[PDB]
Each structure stands twice: as C-alpha cells, then as structure tokens.
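Consider the single chain below, provided in structure tokens and representing the form deposited in one PDB entry.
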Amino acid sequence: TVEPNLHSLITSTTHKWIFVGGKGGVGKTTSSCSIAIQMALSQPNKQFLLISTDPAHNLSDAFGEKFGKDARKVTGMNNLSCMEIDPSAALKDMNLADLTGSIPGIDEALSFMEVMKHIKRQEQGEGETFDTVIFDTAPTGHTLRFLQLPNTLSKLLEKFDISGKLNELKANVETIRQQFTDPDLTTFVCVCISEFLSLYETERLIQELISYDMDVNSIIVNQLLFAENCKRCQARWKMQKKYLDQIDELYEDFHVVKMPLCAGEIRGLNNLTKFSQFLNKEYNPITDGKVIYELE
C-alpha cells in the first residue's frame, strides 16, 4: 500500500532534486519550507538548499530573515540554506524576442540555466556543495517546458554564430533531462487544496509532468479543517472531504498527504518545524489537534 505521507521522500538518500509546485493560494511556499526542513532534520549528514523563483520573495517572509542571490544558512539550522532569485532579472542583465518565443521551451530554458549558474557559484566560492536541492517553483507559468525541448529541438535541426549556441543548449538540456527523468534522483511534489479548481489545475499539472517523463508520485492537500473533531467550518469540511474521497480513488499509487489548516500564517523556524512534521507522520485530528491550536 501507499502511505499518505512524504516519509519515503523525506528520508530518501537518492534524491538530488525535489520540485514543489502548485497554483493558487494553495500554500505552496509553506509546503516547500516544510519539505526542506524535514529532510534537513532527518538527514543531518547532508547539506540542503531551498531556492525560490517566486517573485513575491516568500522564503524571507516565511523564515523571518532576509534571503537573496547569496545562499545563507537559515538561522537555527546548520544543514539548510536558502536562495531567493529573480530569473527574469538574471536574463535581462545579460540580454530577437520573436525568434526566441516563437519556439516553446527556449524562453524557460534560458531562465533556468541562470539558476543553475547561481547554484554552482554558491558551491564553488564558499566550497560547500549541496547534496539535494528543493525548488519552490513559480506559482504561474510552465517551468519545466524545457524538458520536451531536445525532442522538438532535434526535430527542427534535421530539417533546417547562431547554430552553435542552439545545439549547445540542446546538449545542456539533455544532460539535465538525464537527471530530471530519473525517479530516484528527481521527483515533483504537487500542492493543492480540496476544491474543484485546485484539483483540476493539479490534474493538468500532473499530466504535463508525465509528458516530460518527470516522476510525480506525491500530492500535498493543504488547508483541511477536520471540523468534526462552528457550523460554517463544519460545512466547508463536508465539501473538502467530498473531494478528498475522490482524490483517493483518482490517484491510488500516489502519496496523497492530508495537511490540517492553521489559522493565521505559519512563520519562523519553530512554527514551521512543528507543522512540517505532519508531512512525515500523517496529522491525526484526534491526537494532533493540540499541536495545531498552540500555533495560534
């Protein structure tokens, strides 16, 4: 059977790349911090990096300290560091928009190659290399489009200063793909809430991911009430569970982990650590309720 938690992931020694994403007020950034905190704690021997391309600068806001292009150890953790970067800025600095955009996946590839440069620059200079990276992906756009590039890139090469850089990109991207398509090296974690639109958007995300040969076995469902353990909340929960029952039927072989709603916003290492444990061991509204209330 398939456990409704991330434990196998959280304790995984093979994975070098964990992608976390979802669209909406779904609580993406908090999930990314939880996942990164859990792995870090569970694997003190390995050094982790959490990076966010989200423009809103959510990491600094979540941990309560300032992060940037320069990797910093999050205060209170000796194995976890954070980076917040703007890939569009990184492009604008260096930089035919018609010629680029005309083909799908080129614009994203150039944006991504900038974040890879930043990472290896943080590893070289300091001398501290990261064992596993957690990407908090932008809530909008399609970030992984560059994964189907080589296929559509080598197909447009056969028929057809410029030629070189293109084939070079094809090469780099294929080298990456060899990583991102290995389920033991790389996986994607979807974040949704139980409501129709989020669940639809989440399905399409999964499909797109499968089309890139990206491994996705994991879905985090946030903001669940578990009200039966306020007449308004009670009703809302009745709906959340309506879809919950069907999510479980839709992805059977997925780890679909159910996360409790917390009033107000979760911030700071302490609250995050206390909350992030429900990714490793499934939250139980009966026993764990006290933990949730004390965060308020």
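Basically, rigid core = biggest C-alpha set you can superpose within 1.5 Å across the two forms. In case it trips you up, residue 1 is the first one in the sequence shown, and so on.
ask   = Is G105 unbuilt in at least a third of the other PDB entries compared?
value = Counting only entries that model residues on both sides, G105 is resolved in every one of them.
request  = Check whether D136 goes without coordinates in at least a third of the other compared PDB entries of this protein that model residues on both sides of it.
outcome  = Looking at the other entries that model residues on either side of it, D136 is present in every one.
inquiry  = Neighbours in the displayed sequence, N270 and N271 may still hide a gap; how many deposited residues lack coordinates there, none, 1 to 3, 4 to 9, or 10 or more?
reply    = In the record, the chain runs straight from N270 to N271 with none unmodelled.
inquiry  = Tell me which stretch has the larger mean Cα B-factor in this entry, 41 to 49 or 58 to 66.
reply    = Result of the comparison: 58 to 66.
message = Mean CA temperature factor from the deposited coordinates, higher in 107 to 115 or in 206 to 214?
response = Comparing 206 to 214 with 107 to 115, the higher mean C-alpha B-factor belongs to 107 to 115.
query = In the PDB entry, which of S198, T186, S88, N222 has its C-alpha at the highest B-factor?
reply = By C-alpha B-factor in the record, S88 ranks first.
ask   = Say you rank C262, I35, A227, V257 by Cα B-factor from the PDB entry; which sits at the top?
value = Each of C262, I35, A227, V257 was compared by C-alpha B-factor; the highest is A227.
Modelled-residue ranking by C-alpha temperature factor, third containing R236 = Bottom third by C-alpha B-factor.
inquiry  = Based on the deposited C-alpha B factors for this chain, I'd like to know if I176 is in the lowest, middle or highest third.
reply    = Its C-alpha B-factor belongs to the middle third of this chain's values.
query = Would the CA B-factor of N5 place it in the lowest, middle or highest third of its chain?
reply = Bottom third by C-alpha B-factor.
request  = Comparing against every modelled residue in the chain, figure out the third that the C-alpha B-factor of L80 lands in (lowest, middle or highest).
outcome  = Within its chain, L80 is a middle-third residue by C-alpha B-factor, going by the deposited values.
ask   = Comparing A71 with the other modelled residues of its chain, is its CA B-factor in the lowest, middle or highest third?
value = Middle third of the chain for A71's C-alpha B-factor.
The next section is about a form of this same protein that is not shown, the form deposited in another entry.
task = Of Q207, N78, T152, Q178, only one moves its C-alpha by 2 angstroms or more between the shown form and the other one once the rigid core is aligned, so tell me which.
result = Between the two forms, the residue that moves is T152.
query = After fitting the rigid core, is the C-alpha of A109 off by 2 Å or more between the shown form and the other one?
reply = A109: C-alpha displaced by 2 Å or more between the shown form and the other one.
task = Kindly check if the Cα atom of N217 is displaced 2 angstroms or more between the shown form and the other one relative to the superposed rigid core.
result = Not so; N217 is displaced by less than 2 Å.
inquiry  = Relative to what's shown here, the Cα pair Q178 and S102 differs by 3 Å or more in the other entry. Does it come closer or drift farther?
reply    = Those two alpha carbons end up farther apart in the other entry.
query = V115 to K69, Cα distance in the other entry relative to here: closer or farther, by 3 Å or more?
reply = More distant in the other entry, by 3 Å or more.
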